[PDB]
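The structure file run38.cif is reproduced below (mmCIF, C-alpha atoms; chains and numbers go by the auth columns).
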```cif
data_data
#
loop_
_atom_site.group_PDB
_atom_site.id
_atom_site.type_symbol
_atom_site.label_atom_id
_atom_site.label_comp_id
_atom_site.label_asym_id
_atom_site.label_seq_id
_atom_site.Cartn_x
_atom_site.Cartn_y
_atom_site.Cartn_z
_atom_site.B_iso_or_equiv
_atom_site.auth_seq_id
_atom_site.auth_asym_id
ATOM 1 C CA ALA A 1 3.992 14.949 17.213 0.00 1 A
ATOM 2 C CA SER A 2 3.649 13.709 13.640 0.00 2 A
ATOM 3 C CA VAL A 3 7.419 13.525 13.119 0.00 3 A
ATOM 4 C CA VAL A 4 7.546 11.677 16.441 0.00 4 A
ATOM 5 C CA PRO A 5 5.264 8.767 15.451 0.00 5 A
ATOM 6 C CA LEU A 6 6.596 8.686 11.889 0.00 6 A
ATOM 7 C CA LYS A 7 10.124 8.180 13.222 0.00 7 A
ATOM 8 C CA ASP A 8 8.900 5.217 15.254 0.00 8 A
ATOM 9 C CA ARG A 9 7.889 3.058 12.293 0.00 9 A
ATOM 10 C CA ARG A 10 10.943 4.059 10.259 0.00 10 A
ATOM 11 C CA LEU A 11 13.031 2.777 13.162 0.00 11 A
ATOM 12 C CA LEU A 12 10.981 -0.405 13.667 0.00 12 A
ATOM 13 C CA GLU A 13 11.120 -1.155 9.966 0.00 13 A
ATOM 14 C CA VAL A 14 14.732 -0.569 8.927 0.00 14 A
ATOM 15 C CA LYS A 15 16.070 -2.551 11.881 0.00 15 A
ATOM 16 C CA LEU A 16 13.920 -5.667 12.194 0.00 16 A
ATOM 17 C CA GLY A 17 12.430 -6.127 8.725 0.00 17 A
ATOM 18 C CA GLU A 18 13.409 -5.555 6.129 0.00 18 A
ATOM 19 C CA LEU A 19 15.689 -2.628 5.100 0.00 19 A
ATOM 20 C CA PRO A 20 15.157 -2.172 1.331 0.00 20 A
ATOM 21 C CA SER A 21 17.334 -1.240 -1.676 0.00 21 A
ATOM 22 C CA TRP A 22 17.607 1.912 -3.891 0.00 22 A
ATOM 23 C CA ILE A 23 21.311 2.847 -3.611 0.00 23 A
ATOM 24 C CA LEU A 24 22.136 5.589 -1.235 0.00 24 A
ATOM 25 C CA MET A 25 20.831 2.565 0.682 0.00 25 A
ATOM 26 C CA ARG A 26 22.651 -0.239 -1.139 0.00 26 A
ATOM 27 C CA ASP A 27 24.901 -1.273 1.733 0.00 27 A
ATOM 28 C CA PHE A 28 21.949 -0.384 3.953 0.00 28 A
ATOM 29 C CA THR A 29 20.015 -2.970 1.969 0.00 29 A
ATOM 30 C CA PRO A 30 22.566 -5.704 2.747 0.00 30 A
ATOM 31 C CA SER A 31 22.441 -4.603 6.377 0.00 31 A
ATOM 32 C CA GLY A 32 19.096 -6.355 6.413 0.00 32 A
ATOM 33 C CA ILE A 33 20.594 -9.281 4.502 0.00 33 A
ATOM 34 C CA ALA A 34 22.280 -10.455 7.652 0.00 34 A
ATOM 35 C CA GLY A 35 19.272 -8.930 9.395 0.00 35 A
ATOM 36 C CA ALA A 36 18.560 -8.092 13.016 0.00 36 A
ATOM 37 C CA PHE A 37 16.468 -11.277 13.067 0.00 37 A
ATOM 38 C CA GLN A 38 19.239 -12.834 15.161 0.00 38 A
ATOM 39 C CA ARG A 39 18.493 -10.024 17.599 0.00 39 A
ATOM 40 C CA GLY A 40 14.766 -10.622 17.296 0.00 40 A
ATOM 41 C CA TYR A 41 15.093 -14.355 17.748 0.00 41 A
ATOM 42 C CA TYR A 42 15.590 -14.939 21.430 0.00 42 A
ATOM 43 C CA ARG A 43 12.138 -13.957 22.650 0.00 43 A
ATOM 44 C CA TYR A 44 10.057 -16.992 21.816 0.00 44 A
ATOM 45 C CA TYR A 45 12.223 -19.946 22.641 0.00 45 A
ATOM 46 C CA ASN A 46 14.131 -20.945 19.499 0.00 46 A
ATOM 47 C CA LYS A 47 11.421 -22.507 17.366 0.00 47 A
ATOM 48 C CA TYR A 48 10.417 -19.854 14.808 0.00 48 A
ATOM 49 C CA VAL A 49 13.664 -20.426 12.918 0.00 49 A
ATOM 50 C CA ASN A 50 12.251 -19.866 9.433 0.00 50 A
ATOM 51 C CA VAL A 51 12.668 -16.086 9.572 0.00 51 A
ATOM 52 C CA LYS A 52 15.571 -16.092 7.071 0.00 52 A
ATOM 53 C CA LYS A 53 13.741 -14.862 3.983 0.00 53 A
ATOM 54 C CA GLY A 54 10.180 -15.186 5.176 0.00 54 A
ATOM 55 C CA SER A 55 10.769 -13.241 8.399 0.00 55 A
ATOM 56 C CA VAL A 56 8.481 -14.218 11.271 0.00 56 A
ATOM 57 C CA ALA A 57 9.916 -12.021 14.025 0.00 57 A
ATOM 58 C CA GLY A 58 9.637 -9.015 11.749 0.00 58 A
ATOM 59 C CA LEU A 59 5.908 -9.512 11.355 0.00 59 A
ATOM 60 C CA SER A 60 4.847 -11.410 14.474 0.00 60 A
ATOM 61 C CA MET A 61 5.689 -8.494 16.769 0.00 61 A
ATOM 62 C CA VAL A 62 3.116 -6.107 15.277 0.00 62 A
ATOM 63 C CA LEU A 63 0.432 -8.791 15.489 0.00 63 A
ATOM 64 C CA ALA A 64 1.474 -9.471 19.066 0.00 64 A
ATOM 65 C CA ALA A 65 1.133 -5.748 19.721 0.00 65 A
ATOM 66 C CA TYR A 66 -2.317 -5.541 18.127 0.00 66 A
ATOM 67 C CA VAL A 67 -3.609 -8.323 20.380 0.00 67 A
ATOM 68 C CA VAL A 68 -2.569 -6.808 23.716 0.00 68 A
ATOM 69 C CA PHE A 69 -3.814 -3.426 22.500 0.00 69 A
ATOM 70 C CA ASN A 70 -7.233 -4.963 21.953 0.00 70 A
ATOM 71 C CA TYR A 71 -7.118 -6.766 25.270 0.00 71 A
ATOM 72 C CA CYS A 72 -7.532 -3.398 26.983 0.00 72 A
ATOM 73 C CA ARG A 73 -10.931 -2.524 25.490 0.00 73 A
ATOM 74 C CA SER A 74 -12.382 -5.932 26.261 0.00 74 A
ATOM 75 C CA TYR A 75 -11.228 -5.795 29.884 0.00 75 A
ATOM 76 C CA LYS A 76 -14.117 -3.654 31.129 0.00 76 A
ATOM 77 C CA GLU A 77 -16.764 -6.045 29.835 0.00 77 A
ATOM 78 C CA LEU A 78 -15.468 -9.489 30.855 0.00 78 A
ATOM 79 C CA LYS A 79 -14.479 -8.600 34.461 0.00 79 A
ATOM 80 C CA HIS A 80 -15.284 -12.004 36.155 0.00 80 A
ATOM 81 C CA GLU A 81 -12.731 -11.515 38.942 0.00 81 A
ATOM 82 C CA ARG A 82 -13.607 -12.313 42.546 0.00 82 A
ATOM 83 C CA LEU A 83 -12.269 -10.705 45.724 0.00 83 A
ATOM 84 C CA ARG A 84 -9.026 -12.618 45.228 0.00 84 A
ATOM 85 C CA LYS A 85 -6.561 -13.792 42.621 0.00 85 A
ATOM 86 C CA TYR A 86 -6.637 -16.833 40.367 0.00 86 A
ATOM 87 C CA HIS A 87 -4.564 -20.020 40.612 0.00 87 A
ATOM 88 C CA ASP B 1 -25.339 -6.608 17.908 0.00 5 B
ATOM 89 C CA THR B 2 -28.394 -6.107 15.710 0.00 6 B
ATOM 90 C CA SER B 3 -26.605 -2.946 15.621 0.00 7 B
ATOM 91 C CA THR B 4 -28.500 0.234 14.563 0.00 8 B
ATOM 92 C CA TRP B 5 -28.586 3.615 12.961 0.00 9 B
ATOM 93 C CA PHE B 6 -25.608 3.423 10.537 0.00 10 B
ATOM 94 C CA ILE B 7 -24.194 7.034 10.610 0.00 11 B
ATOM 95 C CA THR B 8 -20.845 5.428 11.498 0.00 12 B
ATOM 96 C CA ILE B 9 -18.394 3.330 9.508 0.00 13 B
ATOM 97 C CA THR B 10 -19.379 4.049 5.888 0.00 14 B
ATOM 98 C CA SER B 11 -17.829 7.518 5.831 0.00 15 B
ATOM 99 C CA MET B 12 -14.629 5.979 7.148 0.00 16 B
ATOM 100 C CA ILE B 13 -14.428 3.436 4.316 0.00 17 B
ATOM 101 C CA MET B 14 -13.880 5.824 1.421 0.00 18 B
ATOM 102 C CA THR B 15 -10.982 7.503 3.145 0.00 19 B
ATOM 103 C CA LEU B 16 -9.441 4.035 3.084 0.00 20 B
ATOM 104 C CA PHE B 17 -9.745 3.854 -0.693 0.00 21 B
ATOM 105 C CA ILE B 18 -7.419 6.809 -0.915 0.00 22 B
ATOM 106 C CA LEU B 19 -4.818 4.708 0.890 0.00 23 B
ATOM 107 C CA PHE B 20 -5.088 1.466 -1.066 0.00 24 B
ATOM 108 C CA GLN B 21 -5.007 3.281 -4.383 0.00 25 B
ATOM 109 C CA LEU B 22 -1.782 4.906 -3.244 0.00 26 B
ATOM 110 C CA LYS B 23 0.195 1.837 -2.207 0.00 27 B
ATOM 111 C CA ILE B 24 -0.861 -0.652 -4.878 0.00 28 B
ATOM 112 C CA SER B 25 -0.463 1.938 -7.628 0.00 29 B
ATOM 113 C CA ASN B 26 3.318 1.772 -7.222 0.00 30 B
ATOM 114 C CA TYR B 27 3.834 -1.835 -8.267 0.00 31 B
ATOM 115 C CA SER B 28 5.946 -3.382 -11.002 0.00 32 B
ATOM 116 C CA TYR B 29 4.942 -5.781 -13.731 0.00 33 B
ATOM 117 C CA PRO B 30 7.479 -8.345 -14.946 0.00 34 B
ATOM 118 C CA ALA B 31 5.952 -8.286 -18.429 0.00 35 B
ATOM 119 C CA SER B 32 6.593 -4.593 -19.095 0.00 36 B
ATOM 120 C CA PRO B 33 10.315 -5.374 -18.846 0.00 37 B
ATOM 121 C CA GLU B 34 10.146 -7.770 -21.808 0.00 38 B
ATOM 122 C CA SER B 35 8.628 -5.070 -24.028 0.00 39 B
ATOM 123 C CA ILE B 36 11.499 -2.565 -23.868 0.00 40 B
ATOM 124 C CA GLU B 37 13.925 -5.127 -25.305 0.00 41 B
ATOM 125 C CA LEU B 38 11.853 -5.386 -28.490 0.00 42 B
ATOM 126 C CA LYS B 39 11.915 -1.733 -29.577 0.00 43 B
ATOM 127 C CA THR B 40 15.669 -1.446 -28.997 0.00 44 B
ATOM 128 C CA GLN B 41 16.241 -4.238 -31.521 0.00 45 B
ATOM 129 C CA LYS B 42 14.171 -2.717 -34.330 0.00 46 B
ATOM 130 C CA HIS B 43 15.637 0.772 -33.888 0.00 47 B
ATOM 131 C CA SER B 44 19.291 -0.146 -34.437 0.00 48 B
ATOM 132 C CA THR B 45 18.251 -2.523 -37.225 0.00 49 B
ATOM 133 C CA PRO B 46 16.603 0.411 -38.996 0.00 50 B
ATOM 134 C CA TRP B 47 19.658 2.487 -38.078 0.00 51 B
ATOM 135 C CA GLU B 48 21.780 -0.180 -39.757 0.00 52 B
ATOM 136 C CA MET B 49 19.283 0.040 -42.618 0.00 53 B
ATOM 137 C CA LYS B 50 19.923 3.785 -42.497 0.00 54 B
ATOM 138 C CA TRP B 51 23.607 2.862 -42.693 0.00 55 B
ATOM 139 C CA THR B 52 22.906 0.342 -45.460 0.00 56 B
ATOM 140 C CA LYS B 53 21.079 3.100 -47.338 0.00 57 B
ATOM 141 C CA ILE B 54 24.142 5.210 -46.548 0.00 58 B
ATOM 142 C CA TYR B 55 25.977 2.527 -48.508 0.00 59 B
ATOM 143 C CA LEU B 56 23.263 1.843 -51.100 0.00 60 B
ATOM 144 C CA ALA C 1 32.504 9.491 -48.990 0.00 101 C
ATOM 145 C CA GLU C 2 29.140 10.557 -47.541 0.00 102 C
ATOM 146 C CA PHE C 3 29.023 7.231 -45.702 0.00 103 C
ATOM 147 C CA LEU C 4 32.512 8.081 -44.429 0.00 104 C
ATOM 148 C CA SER C 5 31.202 11.535 -43.493 0.00 105 C
ATOM 149 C CA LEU C 6 27.780 10.900 -41.952 0.00 106 C
ATOM 150 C CA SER C 7 28.139 7.446 -40.385 0.00 107 C
ATOM 151 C CA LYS C 8 31.412 8.394 -38.677 0.00 108 C
ATOM 152 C CA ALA C 9 29.453 10.321 -36.054 0.00 109 C
ATOM 153 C CA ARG C 10 27.007 7.401 -35.992 0.00 110 C
ATOM 154 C CA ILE C 11 29.945 5.147 -35.105 0.00 111 C
ATOM 155 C CA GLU C 12 31.125 7.364 -32.241 0.00 112 C
ATOM 156 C CA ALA C 13 27.580 7.880 -30.937 0.00 113 C
ATOM 157 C CA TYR C 14 27.207 4.100 -30.897 0.00 114 C
ATOM 158 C CA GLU C 15 30.654 3.887 -29.294 0.00 115 C
ATOM 159 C CA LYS C 16 29.607 6.420 -26.656 0.00 116 C
ATOM 160 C CA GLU C 17 26.404 4.419 -26.156 0.00 117 C
ATOM 161 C CA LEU C 18 28.543 1.444 -25.122 0.00 118 C
ATOM 162 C CA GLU C 19 30.161 3.656 -22.478 0.00 119 C
ATOM 163 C CA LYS C 20 26.892 4.699 -20.821 0.00 120 C
ATOM 164 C CA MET C 21 25.499 1.158 -21.086 0.00 121 C
ATOM 165 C CA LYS C 22 28.267 0.003 -18.752 0.00 122 C
ATOM 166 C CA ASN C 23 27.241 2.742 -16.310 0.00 123 C
ATOM 167 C CA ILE C 24 23.556 1.781 -16.001 0.00 124 C
ATOM 168 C CA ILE C 25 23.803 -1.855 -14.827 0.00 125 C
ATOM 169 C CA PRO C 26 25.843 -0.970 -11.710 0.00 126 C
ATOM 170 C CA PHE C 27 24.910 -2.808 -8.498 0.00 127 C
ATOM 171 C CA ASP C 28 22.280 -5.548 -8.488 0.00 128 C
ATOM 172 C CA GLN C 29 20.041 -3.542 -6.134 0.00 129 C
ATOM 173 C CA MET C 30 20.792 -0.209 -7.769 0.00 130 C
ATOM 174 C CA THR C 31 17.854 1.979 -8.719 0.00 131 C
ATOM 175 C CA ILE C 32 14.237 2.094 -9.827 0.00 132 C
ATOM 176 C CA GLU C 33 14.740 5.001 -12.223 0.00 133 C
ATOM 177 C CA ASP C 34 18.150 4.210 -13.713 0.00 134 C
ATOM 178 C CA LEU C 35 16.677 0.895 -14.834 0.00 135 C
ATOM 179 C CA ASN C 36 13.838 2.977 -16.275 0.00 136 C
ATOM 180 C CA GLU C 37 15.824 3.977 -19.355 0.00 137 C
ATOM 181 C CA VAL C 38 16.321 0.707 -21.254 0.00 138 C
ATOM 182 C CA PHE C 39 13.163 -1.106 -20.166 0.00 139 C
ATOM 183 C CA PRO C 40 10.346 1.223 -21.039 0.00 140 C
ATOM 184 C CA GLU C 41 7.437 3.073 -19.506 0.00 141 C
ATOM 185 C CA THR C 42 4.619 4.805 -21.342 0.00 142 C
ATOM 186 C CA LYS C 43 1.366 6.743 -20.917 0.00 143 C
ATOM 187 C CA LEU C 44 -1.976 5.442 -19.592 0.00 144 C
ATOM 188 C CA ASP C 45 -3.216 2.127 -21.028 0.00 145 C
ATOM 189 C CA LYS C 46 -0.288 0.965 -23.099 0.00 146 C
ATOM 190 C CA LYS C 47 0.623 -2.472 -21.672 0.00 147 C
ATOM 191 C CA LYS C 48 -2.352 -4.603 -22.687 0.00 148 C
ATOM 192 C CA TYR C 49 -1.331 -7.826 -20.964 0.00 149 C
ATOM 193 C CA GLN D 1 -1.643 17.802 -0.284 0.00 8 D
ATOM 194 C CA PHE D 2 -0.424 14.900 -2.393 0.00 9 D
ATOM 195 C CA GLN D 3 -3.045 12.223 -1.766 0.00 10 D
ATOM 196 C CA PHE D 4 -4.707 13.761 -4.841 0.00 11 D
ATOM 197 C CA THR D 5 -2.414 14.179 -7.840 0.00 12 D
ATOM 198 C CA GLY D 6 -1.127 10.640 -7.602 0.00 13 D
ATOM 199 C CA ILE D 7 -4.668 9.408 -8.245 0.00 14 D
ATOM 200 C CA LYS D 8 -6.293 12.432 -9.898 0.00 15 D
ATOM 201 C CA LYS D 9 -6.014 10.960 -13.375 0.00 16 D
ATOM 202 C CA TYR D 10 -7.961 7.975 -12.033 0.00 17 D
ATOM 203 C CA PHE D 11 -10.797 9.931 -10.450 0.00 18 D
ATOM 204 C CA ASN D 12 -12.472 11.843 -13.302 0.00 19 D
ATOM 205 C CA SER D 13 -12.084 8.678 -15.389 0.00 20 D
ATOM 206 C CA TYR D 14 -14.343 6.444 -13.300 0.00 21 D
ATOM 207 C CA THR D 15 -15.990 8.717 -10.702 0.00 22 D
ATOM 208 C CA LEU D 16 -18.377 9.702 -13.490 0.00 23 D
ATOM 209 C CA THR D 17 -20.214 6.513 -12.589 0.00 24 D
ATOM 210 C CA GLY D 18 -18.408 5.430 -9.440 0.00 25 D
ATOM 211 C CA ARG D 19 -19.105 8.563 -7.394 0.00 26 D
ATOM 212 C CA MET D 20 -22.850 8.022 -7.215 0.00 27 D
ATOM 213 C CA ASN D 21 -23.017 7.670 -3.437 0.00 28 D
ATOM 214 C CA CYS D 22 -26.125 9.896 -3.539 0.00 29 D
ATOM 215 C CA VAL D 23 -28.237 6.755 -3.974 0.00 30 D
ATOM 216 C CA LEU D 24 -26.334 5.406 -0.984 0.00 31 D
ATOM 217 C CA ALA D 25 -26.944 8.769 0.701 0.00 32 D
ATOM 218 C CA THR D 26 -30.656 8.675 -0.072 0.00 33 D
ATOM 219 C CA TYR D 27 -31.004 5.013 0.904 0.00 34 D
ATOM 220 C CA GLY D 28 -28.929 5.866 3.958 0.00 35 D
ATOM 221 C CA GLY D 29 -30.763 9.048 4.922 0.00 36 D
ATOM 222 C CA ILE D 30 -34.173 7.400 4.658 0.00 37 D
ATOM 223 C CA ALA D 31 -32.784 4.543 6.751 0.00 38 D
ATOM 224 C CA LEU D 32 -32.071 7.152 9.426 0.00 39 D
ATOM 225 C CA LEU D 33 -35.708 8.135 9.515 0.00 40 D
ATOM 226 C CA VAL D 34 -37.407 4.884 10.508 0.00 41 D
ATOM 227 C CA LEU D 35 -35.169 4.316 13.522 0.00 42 D
ATOM 228 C CA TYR D 36 -35.654 7.752 15.040 0.00 43 D
ATOM 229 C CA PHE D 37 -39.379 7.245 14.480 0.00 44 D
ATOM 230 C CA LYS D 38 -39.706 3.905 16.263 0.00 45 D
ATOM 231 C CA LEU D 39 -37.897 5.248 19.323 0.00 46 D
ATOM 232 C CA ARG D 40 -40.202 8.266 19.228 0.00 47 D
ATOM 233 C CA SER D 41 -43.206 5.959 19.531 0.00 48 D
ATOM 234 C CA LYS D 42 -41.085 3.664 21.789 0.00 49 D
#
```

Translate the structure of the given file into structure tokens.
Amino acid sequence: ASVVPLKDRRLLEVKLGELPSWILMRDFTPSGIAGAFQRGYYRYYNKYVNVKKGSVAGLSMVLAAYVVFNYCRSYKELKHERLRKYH
Amino acid sequence: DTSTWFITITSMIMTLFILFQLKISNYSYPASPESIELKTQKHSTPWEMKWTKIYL
Amino acid sequence: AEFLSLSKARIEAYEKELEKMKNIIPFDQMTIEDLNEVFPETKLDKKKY
Amino acid sequence: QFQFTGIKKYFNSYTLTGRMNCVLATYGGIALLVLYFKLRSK
């Protein structure tokens, strides 16, 4: 299962930030020069447009994953919910 | 909170300083690149001096 | 004629050095070891600054 | 194993003074003793 999780990050790196150099990867390096940031763009609304060379959607997905992963542990403690739903 | 008993984290901190000494060890310094241009100049100048001594 | 004998190989070795020097520069994003011939590396604790 | 020989030249350089966690182990192990003792006397 180690080659399973290692081939997750090497797919979620070389697609959406940032596909490096070292030829045998030279045209693979310019594949990130256009970037899949245009693919990553449409989730927010439009506003994080600065991802061109400081790439927001490359980084801000991991940090959005690490928040909802830590929302699970806190859920047991801060229950607060009545015999209903909220507004 | 005032937590207790300490047998935890501190053994899991020195495994981390096998990671950070692995990543940061493979960095590049801009300055080292200005040093290799200096020794290439003096070598061919002495080689031309070896060719000047091949004349003189 | 010892200059015409000994430095003749020194001319062709310098001429062959101009052939391999064209080879190294290559693509902008080429390599981290092929650029490690001209610009130097050394043993532990050489680069002071 | 290759999390060693990348940094093995570094270790025996500075672990001569840097790998003195025994003082941390002694100040840790004694710090174990007072907390098991206070819960023993409750």

- Answer key for the PyMOL selection byres ((chain C and resi 128) around 12), residues as a count of residues only: 17

Determine which residues of chain C sit within 12 Å of chain D, taking into account only C-alpha atoms, and present them as a PDB file with C-alpha atoms, in the frame of the given file.
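Output file result.pdb follows:
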```
ATOM      1  CA  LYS C 143       1.366   6.743 -20.917  1.00  0.00           C
ATOM      2  CA  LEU C 144      -1.976   5.442 -19.592  1.00  0.00           C
ATOM      3  CA  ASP C 145      -3.216   2.127 -21.028  1.00  0.00           C
TER       4      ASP C 145
END
```

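Across the model, the gap from CA of residue 62 (chain A) to CA of residue 9 (chain A) is 10.8 Å.
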
- Message: As a check of understanding, name the residues that the PyMOL selection byres ((chain B) within 9 of (chain D)) selects in the supplied structure, as an MDAnalysis selection string.
- Response: chainID B and resid 8:11 22:23 25:26 29

Those selected residues, please, written with C-alpha atoms and delivered as an mmCIF file, keeping the file's coordinate frame.
```cif
data_model
loop_
_atom_site.group_PDB
_atom_site.id
_atom_site.type_symbol
_atom_site.label_atom_id
_atom_site.label_comp_id
_atom_site.auth_asym_id
_atom_site.auth_seq_id
_atom_site.Cartn_x
_atom_site.Cartn_y
_atom_site.Cartn_z
ATOM 1 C CA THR B 8 -28.500 0.234 14.563
ATOM 2 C CA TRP B 9 -28.586 3.615 12.961
ATOM 3 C CA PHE B 10 -25.608 3.423 10.537
ATOM 4 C CA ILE B 11 -24.194 7.034 10.610
ATOM 5 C CA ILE B 22 -7.419 6.809 -0.915
ATOM 6 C CA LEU B 23 -4.818 4.708 0.890
ATOM 7 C CA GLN B 25 -5.007 3.281 -4.383
ATOM 8 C CA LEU B 26 -1.782 4.906 -3.244
ATOM 9 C CA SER B 29 -0.463 1.938 -7.628
#
```

Resolved residues for the PyMOL selection byres ((chain A and resi 38-49) around 12) as a CSV table (one decimal) with C-alpha atoms, keeping the file's coordinate frame:
```csv
chain,number,residue,atom,x,y,z
A,12,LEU,CA,11.0,-0.4,13.7
A,15,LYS,CA,16.1,-2.6,11.9
A,16,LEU,CA,13.9,-5.7,12.2
A,17,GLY,CA,12.4,-6.1,8.7
A,32,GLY,CA,19.1,-6.4,6.4
A,33,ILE,CA,20.6,-9.3,4.5
A,34,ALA,CA,22.3,-10.5,7.7
A,35,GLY,CA,19.3,-8.9,9.4
A,36,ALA,CA,18.6,-8.1,13.0
A,37,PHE,CA,16.5,-11.3,13.1
A,50,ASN,CA,12.3,-19.9,9.4
A,51,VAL,CA,12.7,-16.1,9.6
A,52,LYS,CA,15.6,-16.1,7.1
A,53,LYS,CA,13.7,-14.9,4.0
A,54,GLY,CA,10.2,-15.2,5.2
A,55,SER,CA,10.8,-13.2,8.4
A,56,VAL,CA,8.5,-14.2,11.3
A,57,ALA,CA,9.9,-12.0,14.0
A,58,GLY,CA,9.6,-9.0,11.7
A,59,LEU,CA,5.9,-9.5,11.4
A,60,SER,CA,4.8,-11.4,14.5
A,61,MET,CA,5.7,-8.5,16.8
A,64,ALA,CA,1.5,-9.5,19.1
```

- Pick out the closest residue to chain B from this set: C:139, C:123, C:149, C:116. Count all atoms listed in the file. C:139

- May I ask you to extract the residues of chain B within 8 Å of chain C, using all atoms listed in the file, and to give them as an NGL selection string? :B and (35-41 or 55 or 58-59)

Let me see the file: selected residues, C-alpha atoms, as an mmCIF file, in the coordinates of the input.
```cif
data_model
loop_
_atom_site.group_PDB
_atom_site.id
_atom_site.type_symbol
_atom_site.label_atom_id
_atom_site.label_comp_id
_atom_site.auth_asym_id
_atom_site.auth_seq_id
_atom_site.Cartn_x
_atom_site.Cartn_y
_atom_site.Cartn_z
ATOM 1 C CA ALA B 35 5.952 -8.286 -18.429
ATOM 2 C CA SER B 36 6.593 -4.593 -19.095
ATOM 3 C CA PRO B 37 10.315 -5.374 -18.846
ATOM 4 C CA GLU B 38 10.146 -7.770 -21.808
ATOM 5 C CA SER B 39 8.628 -5.070 -24.028
ATOM 6 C CA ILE B 40 11.499 -2.565 -23.868
ATOM 7 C CA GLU B 41 13.925 -5.127 -25.305
ATOM 8 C CA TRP B 55 23.607 2.862 -42.693
ATOM 9 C CA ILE B 58 24.142 5.210 -46.548
ATOM 10 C CA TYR B 59 25.977 2.527 -48.508
#
```

- Message: Can you measure CA of residue 34 (chain D) to CA of residue 19 (chain D) for me? One decimal in Å is fine.
- Response: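 Taking CA of residue 34 (chain D) as the start and CA of residue 19 (chain D) as the end point, the length is 24.3 Å.
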
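Computed from the coordinates, the CA of residue 31 (chain B) to CA of residue 65 (chain A) distance equals 28.4 Å.
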